[PDB]
Amino acid sequence: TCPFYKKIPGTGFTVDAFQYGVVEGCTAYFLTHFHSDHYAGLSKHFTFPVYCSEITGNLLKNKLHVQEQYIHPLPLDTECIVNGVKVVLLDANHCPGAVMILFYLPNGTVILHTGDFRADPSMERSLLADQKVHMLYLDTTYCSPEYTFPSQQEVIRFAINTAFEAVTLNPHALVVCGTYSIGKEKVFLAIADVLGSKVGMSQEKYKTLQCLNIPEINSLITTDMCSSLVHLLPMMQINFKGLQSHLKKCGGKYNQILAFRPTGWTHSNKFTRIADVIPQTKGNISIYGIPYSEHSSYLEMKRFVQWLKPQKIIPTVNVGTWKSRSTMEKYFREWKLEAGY
Ligand code: NI
């Protein structure tokens, strides 16, 4: 059944709750972003109102074939009324079209639902500055102090420098970058820009990127693989056997592959700086795992929460085990006692 942490009290609203059939009492289904664990259950057969960003609405219409009459896109940073309740959608700094949602309850309570987010100090000057938040529904994916990672800017600098060096030393090297969802588009875009190539990809993935309102996208991507030296492949294919195979397919145009797997956190973060990361190599294939995250580090999450000072926190991630739930509740209490709220 629908878990309590997907229900917004005092409304007829649910958040990222599409895989439980008709939720008893739900008059509007909000969708925070287009990632499969969140939209799971949506299709062309859905006949309830869906509220979301413009970009998520593009993906719903073109990828899932949801009928236009049920898609209700809202602008960001704009006070809107939905079934008699004031809401605002805010940038979540996650993947394209991802939003946090502010609900202003008729009784006077204010609820923020982060969806998935990578907390940033820029949020401290959004519309959130302007009033008090009583209840926070929080993306706790990385809520433990072992989870450090570098800025997105440092990671892209490493990737650009690595790729440019490799291809300038060998003009017959091909660059490959893995993907299995929207998000992390900067990694392949920034690499293609430094090399003066378009990024080449399958028709299905090109279709996906063309829904994301990225400016000048027609100049940056293509379905003609032959004309491109940065290829995107399914994440599953980013291994020595799948890459060797791919190399055969390029018909002797290339004699070397340099590949990137943008992961989330991995345990080598707890020892190694970005400046010191190395690849796994077999023959003329090298695979780099780079810690490009679109979730909050432990320190970023903690800063956000200590700034916001909510009265109650409801985790939405890692809620399935008692050990995880108890660990999270300990950190919450530490933070409250240190900051004084
Ligand atoms: Ni996500």
Residue within region 19-30 that is touching a residue at least 12 places away in the same chain (Cβ under 8 Å), within 16 Å of the ligand (Cβ to nearest atom) and over 17 Å from residue 208 (Cα atoms) present: yes
Filter result for residue 341 (touching a residue at least 12 places away in the same chain (Cβ under 8 Å) and not in a helix (DSSP H, G or I)): yes
Search result, residues across region 209-234 that are crowded, with 18+ Cβ neighbours inside 10 Å, of a type outside the set (A, V, I, L, M) and assigned to a loop (DSSP other than H, G, I, E, B): 211, 228
Residue within region 32-49 that is away from the ligand (no atom under 16 Å from the Cβ), assigned by CATH to the domain that holds residue 92, closer than 26 Å to residue 214 by Cα and within 23 Å of the chain's Cα centre (by Cα) present: yes
Strands (runs of 3 or more DSSP E) contained entirely in region 92-172, each with at least 2 residues that are surrounded by 15 or more Cβ atoms within 10 Å (Cβ to Cβ) and either hydroxyl-bearing (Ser, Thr, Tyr) or within 16 Å of the ligand (Cβ to nearest atom) (or both): 99-104, 135-138
Every residue from region 189-208 that is in a helix (DSSP H, G or I) and within 23 Å of residue 157 (Cβ to Cβ): 189, 190, 191, 192, 193, 194, 195
So residue 88, is it assigned by CATH to the domain that holds residue 336, assigned to a loop (DSSP other than H, G, I, E, B) and among the β-branched types (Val, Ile, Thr): no
Residues that are under 12 Å from residue 266 (Cβ atoms) and of a type in the set (A, V, I, L, M), drawn from region 279-293: 290
Residue match in region 78-86 (condition: on the phi > 0 side of the Ramachandran plot and within 16 Å of the ligand (Cβ to nearest atom)): no
Region 82-141, residues that are of a type in the set (S, T, N, Q) and in contact (Cβ under 8 Å) with a residue 40 or more places away in the chain: 83, 93, 107, 109, 114, 126, 140, 141
Residue satisfying condition, being on the phi > 0 side of the Ramachandran plot and in contact (Cβ under 8 Å) with a residue 24 or more places away in the chain, within set 184, 270, 207: 184
Region 235-262, residues that are part of a loop (DSSP other than H, G, I, E, B), surrounded by fewer than 18 Cβ atoms within 10 Å (Cβ to Cβ) and at negative phi: 239, 250, 253, 255
Lone unmet requirement of (1) within 16 Å of the ligand (Cβ to nearest atom); (2) in a strand (DSSP E or B); (3) touching a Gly at 6+ places or on another chain (Cβ under 9 Å) for residue 72: (1)
Test: residue in region 178-185 that is in the same structural domain as residue 287 (by CATH), among the basic types (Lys, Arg) and within 16 Å of the ligand (Cβ to nearest atom): yes
Matching residues in region 8-31 - criterion: being assigned to a loop (DSSP other than H, G, I, E, B) and under 21 Å from residue 75 (Cβ atoms): 11, 16, 31
Residue that is part of a loop (DSSP other than H, G, I, E, B), at negative phi and in contact with a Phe, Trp or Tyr (Cβ under 6 Å, 6 or more places away or on another chain), where the choices are 34, 48: 48
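All of this is worked out from the model, or read from it or from the source named; these are not laboratory values. Here Cβ is always computed from backbone atoms with ideal geometry, including for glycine, and neighbour counts include all displayed protein chains.
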